[PDB]
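Notes follow once the structure below has been shown.
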């Protein structure tokens, strides 16, 4: 109910070996593209973990 | 009546006045597919309820 609002943005979502790592859970963002994460800079993305 | 099937996505974009009768799937994410085709492969066509 008090979900977070940390502004984790304007960074690099590097995923090259992250995708290869099978132990990883999930990183594909269908909002824009699973591949469009490396050089994508996030405007004001807020995490609600 | 599920006899009507429509495509979910195509690797290439539209091309005017063309028909596609393919059934393979692309390695997208989650459980993309096995080898080239088979189980854990999301069908590229969905029917209409």
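Chains as they are written, first to last, in my numbering: chain Y, 1 to 49; chain D, 101 to 149.
Ideal Cβ placement from N, Cα and C applies to all residues, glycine included.
- Query: How close, in whole Å, do the beta carbons of residue 44/Y and residue 9/Y come, if the pair is a contact with beta carbons under 8 Å?
  - Reply: Taking the first residue of the first chain as 1, we reach residue 44/Y at position 44. Taking the first residue of the first chain as 1, we reach residue 9/Y at position 9. Right, their Cβ atoms sit about 6 Å apart.
- Ignore the nearest five residues each way along the sequence and tell me which others in residue 13/Y's own chain have a CB closer than 7 Å to its CB. Along the first chain, read from residue 1 onward, the residue named residue 13/Y stands at position 13. Once the five neighbours on either side are set aside, the close Cβ partners of residue 13/Y are 37, 38 and 40.
- chain Y residues whose Cβ lies nearer than 7 Å to that of residue 129/D: Here residue 129/D refers to the residue found at position 29 when the second chain is read from its first residue. Those are 28 and 34, listed as they occur along chain Y.
- Item | Segment limits, beta strand (DSSP E) that includes residue 106/D | Residue numbering aside, residue 106/D sits at position 6 when the second chain is read from its first letter. For residue 106/D, the enclosing beta strand (DSSP E) has its first and last residue at 105-107.
- Does DSSP put residue 16/Y in a helix, a strand or coil? Taking the first residue of the first chain as 1, we reach residue 16/Y at position 16. Three-state result, residue 16/Y: helix.
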